[PDB]
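Participant: Below: one structure in structure tokens.
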Amino acid sequence: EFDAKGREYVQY
Amino acid sequence: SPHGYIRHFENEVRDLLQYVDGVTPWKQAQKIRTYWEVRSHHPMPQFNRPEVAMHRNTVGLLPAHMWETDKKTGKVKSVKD
Amino acid sequence: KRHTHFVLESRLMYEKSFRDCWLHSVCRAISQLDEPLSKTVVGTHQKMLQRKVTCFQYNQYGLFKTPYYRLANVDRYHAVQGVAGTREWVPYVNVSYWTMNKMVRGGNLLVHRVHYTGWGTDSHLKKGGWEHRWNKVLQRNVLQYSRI
Amino acid sequence: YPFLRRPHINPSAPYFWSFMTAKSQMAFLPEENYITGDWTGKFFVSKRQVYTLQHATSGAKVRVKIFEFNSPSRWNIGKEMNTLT
Amino acid sequence: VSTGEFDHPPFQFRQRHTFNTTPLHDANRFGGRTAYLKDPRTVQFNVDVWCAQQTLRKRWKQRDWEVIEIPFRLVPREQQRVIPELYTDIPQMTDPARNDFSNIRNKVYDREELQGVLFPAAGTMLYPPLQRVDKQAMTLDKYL
Amino acid sequence: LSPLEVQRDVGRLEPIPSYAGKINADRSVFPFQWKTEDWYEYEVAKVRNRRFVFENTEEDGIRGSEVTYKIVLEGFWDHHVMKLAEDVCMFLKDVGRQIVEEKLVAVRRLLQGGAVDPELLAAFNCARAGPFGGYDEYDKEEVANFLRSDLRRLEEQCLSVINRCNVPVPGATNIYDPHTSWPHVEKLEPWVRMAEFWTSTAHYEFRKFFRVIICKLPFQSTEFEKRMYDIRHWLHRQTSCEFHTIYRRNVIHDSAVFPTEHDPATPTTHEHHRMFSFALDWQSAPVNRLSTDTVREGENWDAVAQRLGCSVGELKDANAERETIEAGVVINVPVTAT
Amino acid sequence: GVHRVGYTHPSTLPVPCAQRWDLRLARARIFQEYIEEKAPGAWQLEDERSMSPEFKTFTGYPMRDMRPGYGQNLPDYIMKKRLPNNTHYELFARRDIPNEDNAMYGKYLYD
Amino acid sequence: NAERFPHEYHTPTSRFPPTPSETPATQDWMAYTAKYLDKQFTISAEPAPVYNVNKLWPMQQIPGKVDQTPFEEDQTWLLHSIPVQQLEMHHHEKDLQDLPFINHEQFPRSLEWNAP
Amino acid sequence: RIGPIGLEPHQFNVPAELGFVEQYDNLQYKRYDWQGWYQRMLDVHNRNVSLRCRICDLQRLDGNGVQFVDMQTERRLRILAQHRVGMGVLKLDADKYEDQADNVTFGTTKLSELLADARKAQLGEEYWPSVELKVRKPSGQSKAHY
Amino acid sequence: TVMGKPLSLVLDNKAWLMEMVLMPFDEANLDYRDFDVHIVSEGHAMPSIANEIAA
Amino acid sequence: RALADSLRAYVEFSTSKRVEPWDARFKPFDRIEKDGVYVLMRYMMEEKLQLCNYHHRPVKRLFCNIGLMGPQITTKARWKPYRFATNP
Amino acid sequence: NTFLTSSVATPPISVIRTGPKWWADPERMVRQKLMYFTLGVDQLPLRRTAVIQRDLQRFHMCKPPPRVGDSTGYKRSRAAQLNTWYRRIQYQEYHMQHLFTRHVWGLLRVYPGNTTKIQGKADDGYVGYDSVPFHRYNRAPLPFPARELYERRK
Amino acid sequence: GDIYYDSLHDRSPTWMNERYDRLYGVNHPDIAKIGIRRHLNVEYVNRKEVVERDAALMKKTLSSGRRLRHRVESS
Amino acid sequence: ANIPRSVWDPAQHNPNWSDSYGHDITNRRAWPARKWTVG
Amino acid sequence: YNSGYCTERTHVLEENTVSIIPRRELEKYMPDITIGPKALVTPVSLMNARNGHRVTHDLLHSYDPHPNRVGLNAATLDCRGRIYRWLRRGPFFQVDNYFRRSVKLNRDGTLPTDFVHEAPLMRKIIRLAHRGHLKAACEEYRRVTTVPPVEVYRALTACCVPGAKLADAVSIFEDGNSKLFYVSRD
């Protein structure tokens with residue numbers, strides 16, 4: 001899966 | 001009723017001014033003098049500050065008609081009424 | 001008894017502040033203006049009006065003009081006298097350090113303890129401290145409103 | 001102690017008008033120079049009252065918390081009683 | 001990013017002029033304007049005012065243009081739009097359609113380009129025509 | 001080979017990722033470089049346009065709504081406020097379900113068939129000159145078509161609300177997602193006030209936790225407003241609530257009381273906007289404009305209209321009481337008189 | 001660069017356009033904005049401590065005027081201040097009572 | 001005799017920096033050269049457009065008022081007479097909140113709280 | 001949707017959003033003497049009403065057939081509403097009076113005045129606000145001829 | 001690039017600070033030119049981060 | 001009379017030509033008296049320096065106003081400290 | 001130079017005990033290397049100081065093991081010997097820095113701080129505009145203005 | 001994650017981003033397991049101070065009891 | 001009405017609604033770790 | 001003792017006898033500016049601006065029932081019981097009590113309309129309303145302290161009719177209908 005920051009920047 | 005700032009009290013400032021004008025006589029108001037008006041009686045009310053124009057001070061600005069100075073050091077020893 | 005009387009007269013001083021602040025502010029401002037007061041009134045008219053305004057301000061005895069901080073340290077339960085702005089006084093509950101410690105030990109009040117070497121948990125306080133939180137509360141109170 | 005918030009608040013020549021004196025000279029005299037309302041008379045005059053030419057004149061009485069100020073001269077005009085002490 | 005100092009040094013004791021330390025309030029820290037100097041809060045406020053003065057002077061010296069107010073008709077197509085006031089909308093790109101991705105608010109127009117709308121009364125070219133180099137010409141740079 | 005395409009595991013052979021060497025390098029996409037002034041403007045605008053949001057719009061799905069209610073629930077403990085939020089959601093979900101159901105019934109009935117209101121038809125044929133040339137003339141059939149379009153979009157919004165209300169189930173529920181449940185709970189930063197005082201010093205902080213329950217309805221239901229306001233009476237122990245309402249409201253700009261005029265001959269200067277000028281120089285808007293006039297000597301019917309800047313026909317319509325004008329009589333100037 | 005600020009009437013320009021000083025006076029009329037005549041053109045300071053996004057305490061609004069000697073005495077300050085007529089001082093004055101019961105009700109009546 | 005002593009009689013509405021007197025021909029180097037350096041200079045001044053030019057941008061000054069644009073040197077700001085803050089700081093709205101350490105609040109609302 | 005509806009050509013209907021707050025107490029300030037003045041304090045504290053309208057909705061044909069808000073009117077209105085306009089929404093926080101019923105009227109009056117002054121851009125080109133172009137100083141080539 | 005500016009300008013052209021940023025590539029036996037990076041700061045904002053802890 | 005002494009002393013010292021404020025040790029005042037800054041001072045400032053009586057504030061402000069020296073006239077020129085210029 | 005006030009001397013050991021803070025501050029060492037390079041001489045003591053400090057900073061967080069104890073003490077003696085050798089190299093570079101900086105100041109006609117000696121120009125302490133009106137050590141009156149060590153021409 | 005479309009232990013770094021006190025008598029053959037001191041487990045505002053005082057009291061009582069045991073044995 | 005029909009009307013009962021004990025019993029359920037041979 | 005109007009001939013400080021400075025000789029030493037008690041009482045229009053207060057004594061004066069006679073006096077907050085009363089007063093105490101003390105229905109049922117002091121003001125209202133100056137008439141009505149006559153409402157609605165300003169007319173009728181004894185219900 002992804003970490004919190006990875007998910008945040010993918011959404012960005 | 002307005003709230004908060006004074007600029008929101010549009011009518012009330014007008015009412016205060018009208019009331020104070022209608023209640024205050026100029027005979028009573030002639031008495032209040034200003035700080036500079038009071039100062040004017042001092043022998044030398046106006047000084048140049050050391051911030052801007054201290055160099056403008058000229059020997060004429062002193063009240064030299066009412067005191068006497070010593071001949072050796074130059075400082076005033078006494079003052080006259 | 002005597003302490004309750006002192007507290008009550010402080011409350012009456014607050015009430016005087018409420019009643020007198022608007023009038024004292026407007027009178028002081030109108031009396032302290034050197035520039036013209038308006039298009040309609042200017043010159044001799046405005047100067048005489050300023051003289052009348054300062055006369056009315058001076059004749060009107062009892063106007064609460066004192067700074068607000070001079071009665072912002074009056075304790076409510078005990079007679080312990082502190083100073084506002086120092087660790088001897090608590091601003092929110094508005095009690096001195098003695099009263100605050102007594103209330104904590106009584107347990108009636110709900111306050112959460114944080115490490116005494118630190119900035120608690122509020123992120124705004126942790127970031128810039130008292131100054132930053134002081135600015136943030138103003139941001140909440142006024143600056144977020146698009147004045148009209 | 002908070003800055004400049006104490007309950008209790010050698011003359012300088014160049015700063016004679018700028019030490020313990022009003023910021024603005026155009027400002028009118030304070031409450032202490034005038035009779036506000038119906039009075040029986042003051043026991044003392046406020047220490048912030050500005051000395052005036054009327055003060056330098058006959059000056060029936062001058063009492064400042066106790067001080068007499070029975071040496072009237074024009075050099076005392078324009079400054080408050082606290083720094084005239 | 002700025003490498004200049006923004007905070008005033010703290011006072012926890014009297015310092016000396018040593019190898020790694022200098023006296024507090026000397027004529028070296030803020031350009032010698034510490035001669036005016038108590039309370040750290042007011043001292044820091046004065047230092048903030050001085051820093052803002054420096055920011056303003058450099059920001060104004062960086063400014064090489066002028067803000068003549070031109071009527072709508074006599075204006076370039078890129079400025080013939082509705083431009084929101086500062087801090088009201090997203091930083092506006094001049095023209096994404098023509099691949100001009102640039103803050104429209106920062107656009108600067110050469111004075112030798114609006115002589116047709118400025119100075120319409122003067123029939124002589126007060127500023128001579130701008131000389132533009134030819135890119136499609138073999139020159140010393142393009143020769144190797 | 002790319003660094004992502006070389007095999008690093010000397011004891012295992014992995015499959016090359018699909019992105020190994022396929023991502024072009026452009027400076028306008030990555031890495032991010034920008035101008036300092038543009039960044040400054042971006043930040044300041046972002047922080048200043050926080051509340052410049054038009055919550056109620058004619059969008060579809062979640063974004064679309066007409067009335068937005070927010071209930072800020074405050075408590076002394078995060079779990080207290082969380083449980084109270086769950087209770088209030090289980091309440092409002094069912095209440096809004098029933099109310100949107102009884103609205104959906106009426107919407108369906110109106111779609112099946114109805115009659116056009118003459119007030120509505122006049123509202124449509126009120127404008128003097130329409131988009132097509134000058135005067136326009138709508139028909140009740142066209143008005144009913146407009147109504148059908150509005151009621152269809154309202155039906156879609158009501159159905160979305162009902163479906164979202166029916167989604168949440170105890171086996172699998174998530175009330176913090178606007179897509180899953182209706183209404184949804186969003187978190188709000190707790191108010192924390194730390195105080196340090198003598199004891200040798202101690203740090204104790206007051207705390208107050210918040211949760212916001214948001215209900216977005218595509219219609220104003222005063223019944224729902226009542227049932228929402230009635231929550232404070234059975235609110236949880238030592239928990240409080242405050243209500244924020246953002247609703248669409250029609251505002252008229254009466255061009256008669258607020259007209260557009262040529263800028264006066266002698267323009268205002270900075271003296272009229274001086275200190276204390278707000279009380280001494282300026283009237284409160286609007287400025288009164290005389291609706292009544294007196295007739296001068298020997299004024300013709302068209303002379304009065306020309307002096308008032310109004311048309312003769314509109315002057316007649318306004319003053320139909322009197323057939324003819326006599327000197328010194330009182331007349332009613334039409335509002336559109338210039 | 002000491003100078004005199006100018007103004008062009010819309011009639012003088014070859015193609016008229018609403019001038020920005022005219023728009024400023026219109027805004028002043030609408031929103032009752034007091035315009036200080038003696039405002040210096042040189043003193044345009046922004047509190048970078050709040051405006052600059054590179055600072056710890058960044059907020060989009062100016063938190064200070066960057067003017068030394070901006071005291072309470074000035075009429076400009078007096079006219080721009082919030083009055084304490086319904087602020088937390090009212091809550092203090094009417095609530096921080098030695099006994100909550102004598103703000104809650106009268107002891108004589110309750111007895 | 002007030003005009004002869006600028007720093008004195010500092011009226012409450014006045015504020016630093018005081019605007020110097022307006023030198024007649026100083027708006028540009030062409031005017032300066034024409035008047036003071038080159039008497040026989042042809043071009044009186046640098047050409048001025050027909051539309052309105054705002055020197056104090058984005059600040060709108062009262063038209064017809066002598067004013068000075070913000071300085072471009074450090075020495076001007078340093079040597080110019082600007083007083084330093086000496087008494088307590090005052091703000092038109094941070095006065096109800098007594099001090100940073102006191103900061104009176106009305107209600108315990110979140111600092112993230114948004115007015116609708 | 002509540003609010004008046006204007007029929008004559010001199011009336012334009014503007015759909016707007018009115019955001020307000022209503023807070024009532026139930027814990028400690030509910031049922032005794034401080035109830036009244038505490039409620040008054042809460043109401044005056046929440047006296048603000050935010051009236052916001054979309055320029056997109058304002059850009060519609062008037063009753064006279066002319067667009068109510070054209071591009072030049074939008075320019076003039078944006079200039080007159082310095083910080084009151086952001087991201088396409090003209091927002092006005094009315095808090096002058098202690099009552100939301102007074103603030104709605106105050107905000108309506110101010111919106112009407114702002115719109116009326118903005119519509120001066122429809123009278124003639126002279127009322128179209130000028131555009132501020134950062135014109136460069138003369139280039140080095142021009143400065144050479146000095 | 002760190003927060004929209006080149007590293008040599010963010011870290012004030014200090015060799016002893018940028019070599020720490022280089023270290024992960026060298027320890028990994030990798031070429032820094034095969035990768036382009038952007039570092040965003042979520043901590044206490046400051047005008048200059050040219051220090052060993054930030055590095 | 002004590003106040004008289006102080007006021008007279010202040011006024012008298014105001015007129016004094018105590019010292020030339022500039023520090024000849026450091027540039028730009030380092031140059032020989034017959035060249036550089038001293039030429040400008042001798043041929044454009046003599047009528048003003050003697051009027052101001054060599055007070056440090058008037059001297060600095062005149063130097064700044066002349067402009068032919070530029071910002072360096074205080075960005076790099078070191079004057080004497082307050083008292084060290086005050087003493088004659 | 002613009003640090004012209006009376007100063008306080010500091011023993012080289014306490015100067016060097018700073019290490020990475022100020023004594024071996026990398027920026028300061030870089031500009032000392034630049035001074036030497038511009039003068040056109042090898043920076044060998046500087047490079048010895050640099051490597052000493054690099055290797056010491058590489059371990060400054062490691063706590064040495066508790067010594068078991070060897071009667072011969074050759075291990076402790078060698079450790080102290082190397083420590084003193086490093087200290088002496090650092091002392092040499094410290095003295096070099098002052099020597100060449102004073103030489104450069106004399107070359108460029110830069111006035112040093114009070115009570116500072118420049119070999120060619122002021123063998124005894126140069127004092128200019130000091131708080132004490134006389135020589136701090138020689139008890140003699142300093143002249144007004146301060147003595148000009150160099151010529152006037154620029 | 002999302003309930004419907006079922007990311008277990010993503011390693012959730014909690015060290016990149018950012019004390020308790022017992023009654024001191026949990027494991028002791030002399031301190032009775034049951035007693036009125038159990039009520040101290042539901043004190044929150046001054047838990048640190050109350051449990052510190054309780055720990056000091058129990059320390060002193062145990063030490064004095066042991067001292068009496070030794071004195072009685074030796075006498 | 002005051003009490004919504006979905007509460008008492010049998011026709012509007014949610015088929016997917018579950019009991020109030022089984023889910024919590026399952027949550028309290030403790031499953032022994034999958035015991036492999038090595039790890 | 002030093003506050004004023006104390007009628008104390010001498011006072012004791014630090015065990016000393018201190019006399020007073022009479023008014024006659026105090027006038028020379030400080031000029032007398034005495035407008036009178038009228039400057040201590042603001043008009044009714046400033047009650048809400050001063051938070052319901054109208055008098056500027058050093059003691060908070062309250063309006064509440066515990067031709068040449070019109071005028072209302074106020075009590076003083078001296079007793080602790082009355083101080084608590086003041087701290088427990090409702091949001092509208094000064095204004096409500098002053099309004100109900102000044103304005104009441106007559107024993108014969110006639111309204112309090114006939115007020116001599118406000119009579120010319122109401123005639124001005126009638127004249128402005130008949131002339132059609134609705135905004136000026138409203139501004140003047142803002143100053144009214146007592147119940148205006150029914151003719152005032154008649155003229156206001158008459159000047160509202162020609163402009164078809166139903167909003168203003170309904171606002172006027174509502175202001176006069178339930179708040180002022182249904183004077184406007186005509």
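We name chains A, B, ... following the order of the structure tokens; residues begin at 1 in each chain, and ligands are numbered from 1 as shown.
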List as CSV every residue of chain G that is in contact with chain E, defined as an atom at most 10 Å from one of its atoms (using only C-alpha atoms), together with the nearest atom pair and the distance in Å rounded to one decimal, sorted by chain and then rising number.

Facilitator:
```
residue,atom,partner,partner_atom,distance
G:10,CA,E:71,CA,9.9
G:13,CA,E:71,CA,9.0
G:14,CA,E:120,CA,8.3
G:15,CA,E:71,CA,6.9
G:16,CA,E:71,CA,7.0
G:17,CA,E:71,CA,5.5
G:18,CA,E:71,CA,8.3
G:19,CA,E:69,CA,7.9
G:20,CA,E:69,CA,8.2
G:42,CA,E:56,CA,9.7
G:43,CA,E:53,CA,8.5
G:44,CA,E:56,CA,7.5
G:45,CA,E:52,CA,5.8
G:46,CA,E:52,CA,6.4
G:47,CA,E:52,CA,6.7
G:48,CA,E:52,CA,6.6
G:49,CA,E:48,CA,7.8
G:54,CA,E:1,CA,7.6
G:60,CA,E:87,CA,9.3
G:64,CA,E:45,CA,9.6
G:65,CA,E:49,CA,9.6
G:66,CA,E:49,CA,5.8
G:67,CA,E:49,CA,7.7
G:68,CA,E:46,CA,7.6
```

Participant: Considering only C-alpha atoms, give me a table of residues in chain C that are at most 8 Å from chain M, with the closest atom pair and distance in Å for each, as JSON lines.

Facilitator:
```
{"residue": "C:104", "atom": "CA", "partner": "M:45", "partner_atom": "CA", "distance": 7.1}
{"residue": "C:105", "atom": "CA", "partner": "M:46", "partner_atom": "CA", "distance": 6.8}
{"residue": "C:107", "atom": "CA", "partner": "M:45", "partner_atom": "CA", "distance": 6.4}
{"residue": "C:110", "atom": "CA", "partner": "M:45", "partner_atom": "CA", "distance": 6.8}
{"residue": "C:111", "atom": "CA", "partner": "M:45", "partner_atom": "CA", "distance": 6.7}
{"residue": "C:112", "atom": "CA", "partner": "M:45", "partner_atom": "CA", "distance": 6.7}
{"residue": "C:113", "atom": "CA", "partner": "M:45", "partner_atom": "CA", "distance": 7.6}
```

Participant: I need the chosen residues saved as a PDB file, in the first residue's frame, with C-alpha atoms.

Facilitator:
```
ATOM      1  CA  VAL C 104      -6.996  22.001  41.269  1.00  0.00           C
ATOM      2  CA  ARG C 105      -6.491  20.174  44.570  1.00  0.00           C
ATOM      3  CA  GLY C 107     -10.930  18.825  41.826  1.00  0.00           C
ATOM      4  CA  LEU C 110     -11.292  20.305  34.986  1.00  0.00           C
ATOM      5  CA  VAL C 111      -7.770  21.155  33.814  1.00  0.00           C
ATOM      6  CA  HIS C 112      -5.356  18.832  32.026  1.00  0.00           C
ATOM      7  CA  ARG C 113      -1.733  18.678  33.153  1.00  0.00           C
TER       8      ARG C 113
END
```

Participant: Within 9 Å of chain E, which residues of chain L show up? Give each one with its shortest atom-to-atom distance in Å (one decimal) and the two atoms involved, counting only C-alpha atoms, rows by chain then rising residue number, as a Markdown table.

Facilitator:
```
| residue | atom | partner | partner_atom | distance |
| --- | --- | --- | --- | --- |
| L:2 | CA | E:28 | CA | 7.2 |
| L:3 | CA | E:28 | CA | 7.6 |
| L:5 | CA | E:17 | CA | 7.3 |
| L:6 | CA | E:17 | CA | 7.0 |
| L:7 | CA | E:17 | CA | 4.7 |
| L:8 | CA | E:18 | CA | 5.3 |
| L:9 | CA | E:18 | CA | 6.8 |
| L:10 | CA | E:19 | CA | 7.4 |
| L:15 | CA | E:19 | CA | 7.7 |
| L:22 | CA | E:20 | CA | 6.7 |
| L:23 | CA | E:20 | CA | 8.7 |
```

Participant: Based on the selection just made, write N, CA and C atoms of those residues as a PDB file, in the first residue's frame.

Facilitator:
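Saved to result.pdb:
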```
ATOM      1  N   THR L   2      36.012  46.654  11.562  1.00  0.00           N
ATOM      2  CA  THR L   2      35.019  47.479  12.237  1.00  0.00           C
ATOM      3  C   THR L   2      34.771  47.034  13.674  1.00  0.00           C
ATOM      4  N   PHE L   3      35.650  46.205  14.233  1.00  0.00           N
ATOM      5  CA  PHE L   3      35.602  45.831  15.647  1.00  0.00           C
ATOM      6  C   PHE L   3      36.779  46.530  16.316  1.00  0.00           C
ATOM      7  N   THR L   5      36.832  48.103  19.438  1.00  0.00           N
ATOM      8  CA  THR L   5      36.678  48.296  20.870  1.00  0.00           C
ATOM      9  C   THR L   5      37.751  47.521  21.632  1.00  0.00           C
ATOM     10  N   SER L   6      37.915  47.872  22.904  1.00  0.00           N
ATOM     11  CA  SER L   6      38.808  47.117  23.769  1.00  0.00           C
ATOM     12  C   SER L   6      38.286  45.694  23.923  1.00  0.00           C
ATOM     13  N   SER L   7      39.199  44.730  23.903  1.00  0.00           N
ATOM     14  CA  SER L   7      38.839  43.323  23.846  1.00  0.00           C
ATOM     15  C   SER L   7      39.450  42.564  25.015  1.00  0.00           C
ATOM     16  N   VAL L   8      39.115  41.278  25.084  1.00  0.00           N
ATOM     17  CA  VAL L   8      39.548  40.391  26.157  1.00  0.00           C
ATOM     18  C   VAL L   8      40.281  39.213  25.535  1.00  0.00           C
ATOM     19  N   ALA L   9      41.490  38.949  26.021  1.00  0.00           N
ATOM     20  CA  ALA L   9      42.269  37.821  25.539  1.00  0.00           C
ATOM     21  C   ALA L   9      41.689  36.511  26.056  1.00  0.00           C
ATOM     22  N   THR L  10      41.991  35.430  25.343  1.00  0.00           N
ATOM     23  CA  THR L  10      41.494  34.110  25.684  1.00  0.00           C
ATOM     24  C   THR L  10      42.582  33.065  25.455  1.00  0.00           C
ATOM     25  N   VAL L  15      40.193  28.605  23.441  1.00  0.00           N
ATOM     26  CA  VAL L  15      39.793  28.911  22.070  1.00  0.00           C
ATOM     27  C   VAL L  15      39.559  27.625  21.287  1.00  0.00           C
ATOM     28  N   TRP L  22      33.264  27.373  16.918  1.00  0.00           N
ATOM     29  CA  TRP L  22      33.914  28.557  16.364  1.00  0.00           C
ATOM     30  C   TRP L  22      35.347  28.314  15.920  1.00  0.00           C
ATOM     31  N   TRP L  23      36.128  27.549  16.685  1.00  0.00           N
ATOM     32  CA  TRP L  23      37.532  27.359  16.336  1.00  0.00           C
ATOM     33  C   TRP L  23      37.669  26.697  14.974  1.00  0.00           C
TER      34      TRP L  23
END
```

Participant: What residues in chain J lie within 6 Å of chain F, counting only C-alpha atoms, written as a list in words?

Facilitator: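 Applying the cut-off to the listed atoms yields residues 4, 5, 37 and 38 of chain J.
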
Participant: If we count only C-alpha atoms and set the cut-off at 7 Å, which residues sit around stretch 40-53 of chain J, ignoring sequence neighbours fewer than 2 positions away in its own chain? Please answer as a list in words.

Facilitator: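 Listed by chain and then number, they are residues 127 of chain C; 1, 2 and 3 of chain E; 54, 55 and 56 of chain G; 2, 3, 11, 12, 17, 38 and 55 of chain J.
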
Participant: Give as a ChimeraX atom specification every residue of chain F that touches chain C within 7 Å, counting only C-alpha atoms.

Facilitator: /F:192,194-199,202-206,271-272,274-277,280-281

Participant: Please identify which residues in stretch 22-139 of chain C DSSP calls helix (DSSP H, G or I) from the backbone, and express them as an MDAnalysis selection string.

Facilitator: chainID C and resid 22:32 44:59 68:71 97:106 123:128 130:139

Participant: What's the 9 Å shell around residue L:93, counting only C-alpha atoms, without same-chain residues fewer than 4 positions away, as a VMD selection string?

Facilitator: chain L and resid 44 to 46 48 to 49 88 to 89 97 to 98

Participant: So which residues touch stretch 99-102 of chain F within 12 Å, counting only C-alpha atoms, skipping near sequence neighbours fewer than 3 positions away, as a ChimeraX atom specification?

Facilitator: /F:92-96,105-109,154-166,182,216-225,227 /N:1-6

Participant: Quick one: everything within 9 Å of residue M:22, counting only C-alpha atoms, minus sequence neighbours fewer than 3 positions away in the same chain. Send it as a PyMOL selection string.

Facilitator: chain M and resi 25-26+41+51+55
